[PDB]
file input_15.csv (CSV, C-alpha atoms)
chain,number,residue,atom,x,y,z
A,366,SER,CA,78.2,100.0,129.1
A,367,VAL,CA,81.8,100.4,130.5
A,368,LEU,CA,83.3,99.3,127.1
A,369,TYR,CA,82.8,102.4,124.9
A,370,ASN,CA,81.8,105.5,126.9
A,371,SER,CA,85.2,106.3,128.4
A,372,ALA,CA,87.0,105.7,125.1
A,373,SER,CA,86.2,104.2,121.7
A,374,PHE,CA,88.2,101.3,120.2
A,375,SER,CA,89.1,100.2,116.7
A,376,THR,CA,86.4,97.5,116.2
A,377,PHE,CA,83.7,96.2,118.6
A,378,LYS,CA,81.5,93.4,117.4
A,379,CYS,CA,80.0,90.1,118.5
A,380,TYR,CA,78.9,87.0,116.8
A,381,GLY,CA,75.6,85.2,117.3
A,382,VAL,CA,74.3,87.9,119.6
A,383,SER,CA,74.0,91.7,119.6
A,384,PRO,CA,76.8,93.3,121.7
A,385,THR,CA,74.2,95.8,122.9
A,386,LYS,CA,72.4,93.2,125.0
A,387,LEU,CA,75.4,91.7,126.7
A,388,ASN,CA,73.7,92.6,130.0
A,389,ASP,CA,70.6,90.3,129.7
A,390,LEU,CA,72.6,87.3,128.4
A,391,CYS,CA,74.0,85.0,131.0
A,392,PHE,CA,77.2,83.1,130.3
A,393,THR,CA,79.3,80.5,132.2
A,394,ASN,CA,83.0,80.0,132.7
A,395,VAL,CA,84.2,83.0,130.8
A,396,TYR,CA,87.8,82.9,129.5
A,397,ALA,CA,90.0,85.9,128.6
A,398,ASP,CA,92.6,85.7,125.8
A,399,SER,CA,94.6,88.7,124.8
A,400,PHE,CA,97.6,89.5,122.5
A,401,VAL,CA,99.0,92.2,120.2
A,402,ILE,CA,99.3,92.1,116.4
A,403,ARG,CA,99.8,94.5,113.5
A,404,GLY,CA,96.9,96.7,112.5
A,405,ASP,CA,97.1,95.2,109.0
A,406,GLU,CA,96.7,91.7,110.5
A,407,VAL,CA,93.4,92.7,112.1
A,408,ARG,CA,91.5,91.4,109.0
A,409,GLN,CA,93.1,88.0,109.6
A,410,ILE,CA,91.6,88.0,113.1
A,411,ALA,CA,88.0,87.0,112.1
A,412,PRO,CA,85.9,83.8,112.2
A,413,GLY,CA,86.3,82.6,108.7
A,414,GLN,CA,89.5,84.2,107.5
A,415,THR,CA,93.1,82.9,107.2
B,465,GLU,CA,53.8,93.9,106.9
B,466,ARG,CA,56.3,95.7,104.7
B,467,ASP,CA,58.7,98.5,105.4
B,468,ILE,CA,60.5,100.6,102.8
B,469,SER,CA,62.0,103.6,104.6
B,470,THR,CA,65.7,103.3,105.2
B,471,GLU,CA,67.3,105.1,108.2
B,472,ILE,CA,70.8,104.8,109.6
B,473,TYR,CA,70.6,102.5,112.6
B,474,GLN,CA,72.0,103.7,116.0
B,475,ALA,CA,73.6,101.3,118.4
B,476,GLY,CA,73.3,102.4,122.0
B,477,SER,CA,75.1,105.7,122.8
B,478,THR,CA,76.8,108.2,120.4
B,479,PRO,CA,73.8,109.6,118.5
B,480,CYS,CA,74.5,109.7,114.8
B,481,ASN,CA,72.3,112.4,113.3
B,482,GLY,CA,72.6,110.6,110.0
B,483,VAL,CA,76.3,110.3,109.6
B,484,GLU,CA,76.9,106.5,109.9
B,485,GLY,CA,79.9,106.6,112.1
B,486,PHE,CA,80.8,104.7,115.2
B,487,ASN,CA,77.9,102.5,116.4
B,488,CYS,CA,76.0,103.7,113.3
B,489,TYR,CA,75.3,101.4,110.4
B,490,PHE,CA,73.3,101.4,107.1
B,491,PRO,CA,70.1,99.5,107.7
B,492,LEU,CA,70.4,97.2,104.7
B,493,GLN,CA,73.2,94.9,103.5
B,494,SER,CA,73.8,93.3,100.2
B,495,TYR,CA,74.4,89.7,99.1
B,496,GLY,CA,77.2,87.6,97.7
B,497,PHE,CA,75.2,85.5,95.3
B,498,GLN,CA,77.3,83.5,92.8
B,499,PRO,CA,77.0,80.0,91.3
B,500,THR,CA,80.4,79.2,92.6
B,501,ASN,CA,79.2,79.5,96.2
B,502,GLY,CA,77.9,76.5,98.3
B,503,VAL,CA,74.6,74.7,97.6
B,504,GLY,CA,73.0,76.3,100.7
B,505,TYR,CA,74.3,79.7,99.7
B,506,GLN,CA,72.6,79.5,96.3
B,507,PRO,CA,69.6,81.9,95.9
B,508,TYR,CA,66.1,80.4,95.9
B,509,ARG,CA,63.0,82.1,94.5
B,510,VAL,CA,60.0,82.0,96.8
B,511,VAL,CA,56.3,82.3,95.7
B,512,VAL,CA,53.9,82.4,98.7
B,513,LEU,CA,50.2,81.9,98.1
B,514,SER,CA,47.8,83.3,100.7

call {"tool": "encode", "arguments": {"input": "input_15.csv", "output": "structure tokens"}}
result
Amino acid sequence: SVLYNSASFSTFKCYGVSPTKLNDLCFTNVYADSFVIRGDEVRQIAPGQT
Amino acid sequence: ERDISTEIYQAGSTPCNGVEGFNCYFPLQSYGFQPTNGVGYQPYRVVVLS
């Protein structure tokens, strides 16, 4: 709930689970990877692109 | 049970009022059926008998 209310972003989505119910799901050993690319290269950033 | 009516889905906050913007999506989604696709991705035709 602290991901969209203050300010929207370009694209928010999740794979294998609805992003709306991130609260009830319970993960383990969460990593955090971040970087900066061109906006045109966003489509390359997908599970099943190149 | 069968449902026919199509309404724009709302995801969490930001009520849509039938605009399909952020966190709003069209309820249905099409296919990519082609013979060139994989064997699993090929369309099968189902006839249930009850």

call {"tool": "closest_residue", "arguments": {"input": "input_15.csv", "among": "A:411, A:402, A:372, A:397", "to": "chain B", "atoms": "only C-alpha atoms"}}
result
A:372

call {"tool": "closest_residue", "arguments": {"input": "input_15.csv", "among": "A:389, A:407, A:396, A:377", "to": "chain B", "atoms": "only C-alpha atoms"}}
result
A:377

call {"tool": "residues_around", "arguments": {"input": "input_15.csv", "residues": "stretch 470-477 of chain B", "least_positions_apart": "4", "cutoff": "12 Å", "atoms": "all atoms listed in the file", "output": "PyMOL selection string"}}
result
(chain A and resi 366-371+373+377-378+383-387) or (chain B and resi 481-493)

call {"tool": "write_last_selection", "arguments": {"input": "input_15.csv", "atoms": "C-alpha atoms", "output": "CSV table (one decimal), keeping the file's coordinate frame"}}
result
chain,number,residue,atom,x,y,z
A,366,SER,CA,78.2,100.0,129.1
A,367,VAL,CA,81.8,100.4,130.5
A,368,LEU,CA,83.3,99.3,127.1
A,369,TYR,CA,82.8,102.4,124.9
A,370,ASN,CA,81.8,105.5,126.9
A,371,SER,CA,85.2,106.3,128.4
A,373,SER,CA,86.2,104.2,121.7
A,377,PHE,CA,83.7,96.2,118.6
A,378,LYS,CA,81.5,93.4,117.4
A,383,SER,CA,74.0,91.7,119.6
A,384,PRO,CA,76.8,93.3,121.7
A,385,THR,CA,74.2,95.8,122.9
A,386,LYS,CA,72.4,93.2,125.0
A,387,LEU,CA,75.4,91.7,126.7
B,481,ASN,CA,72.3,112.4,113.3
B,482,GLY,CA,72.6,110.6,110.0
B,483,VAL,CA,76.3,110.3,109.6
B,484,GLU,CA,76.9,106.5,109.9
B,485,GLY,CA,79.9,106.6,112.1
B,486,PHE,CA,80.8,104.7,115.2
B,487,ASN,CA,77.9,102.5,116.4
B,488,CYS,CA,76.0,103.7,113.3
B,489,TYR,CA,75.3,101.4,110.4
B,490,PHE,CA,73.3,101.4,107.1
B,491,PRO,CA,70.1,99.5,107.7
B,492,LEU,CA,70.4,97.2,104.7
B,493,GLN,CA,73.2,94.9,103.5

call {"tool": "atom_distance", "arguments": {"input": "input_15.csv", "atom1": "atom CA of residue B:508", "atom2": "atom CA of residue B:467"}}
result
21.7 Å

call {"tool": "atom_distance", "arguments": {"input": "input_15.csv", "atom1": "atom CA of residue A:392", "atom2": "atom CA of residue A:379"}}
result
14.0 Å

call {"tool": "atom_distance", "arguments": {"input": "input_15.csv", "atom1": "atom CA of residue A:376", "atom2": "atom CA of residue A:398"}}
result
16.4 Å

call {"tool": "residues_around", "arguments": {"input": "input_15.csv", "residues": "residue B:505", "least_positions_apart": "5", "cutoff": "12 Å", "atoms": "all atoms listed in the file", "output": "JSON, numbers by chain"}}
result
{"B": [495, 496, 497, 498, 499, 500]}

call {"tool": "write_last_selection", "arguments": {"input": "input_15.csv", "atoms": "C-alpha atoms", "output": "short mmCIF file (atom, residue, chain, number, x, y, z; two decimals), in the frame of the given file"}}
result
data_model
loop_
_atom_site.label_atom_id
_atom_site.label_comp_id
_atom_site.auth_asym_id
_atom_site.auth_seq_id
_atom_site.Cartn_x
_atom_site.Cartn_y
_atom_site.Cartn_z
CA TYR B 495 74.40 89.70 99.10
CA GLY B 496 77.20 87.60 97.70
CA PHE B 497 75.20 85.50 95.30
CA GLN B 498 77.30 83.50 92.80
CA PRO B 499 77.00 80.00 91.30
CA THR B 500 80.40 79.20 92.60
#
